[PDB]
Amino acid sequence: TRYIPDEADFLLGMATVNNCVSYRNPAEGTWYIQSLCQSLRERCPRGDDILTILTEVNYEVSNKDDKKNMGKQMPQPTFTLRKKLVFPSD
C-alpha cells in the first residue's frame, strides 16, 4: 500500500497572523468568518477551490479598517493539502 505523512491534508484558516488582533462587529459577526461565508456561498457553486476562496478572504478583510485604533487585520491560511479542495454545492 502507499504511505503519506501523518500530518497531510490539513487546512488551517487563521483569522489573523501571529501577535495581532482580529475583529468582531457585535451587530454583524467577525470580519473573517462573515467574509469567509460570503465567499464560500458565492464561489463554491462556481467550482472554485478553497485556496482561491481564502485568497479572496485575505483581499476583502485587508480592505477593512478599525478607524478607532487605525488597525487592520491580515488573515492567514496554512496548509498541508496535497490536492485541490472544492466543496461542490450539488
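All residue numbers refer to positions in the sequence shown, first residue = 1.
**Q** On mean Cα temperature factor in this entry, is 5-13 or 63-71 the higher one?
**A** The recorded data point to 63-71.
**Q** For residue 44, return the chain-relative third of its C-alpha B-factor as stated in the PDB record: lowest, middle or highest.
**A** Highest third, going by the recorded CA B-factors of the chain.
**Q** State the tercile, meaning the lowest, middle or highest third, of residue 52 with respect to the CA B-factors recorded for its chain.
**A** CA B-factor rank for residue 52: middle third.
**Q** Is the Cα B-factor recorded for residue 18 in the lowest, middle or highest third of its chain?
**A** Its C-alpha B-factor, which the entry lists for residue 18, ranks in the highest third among residues of this chain.
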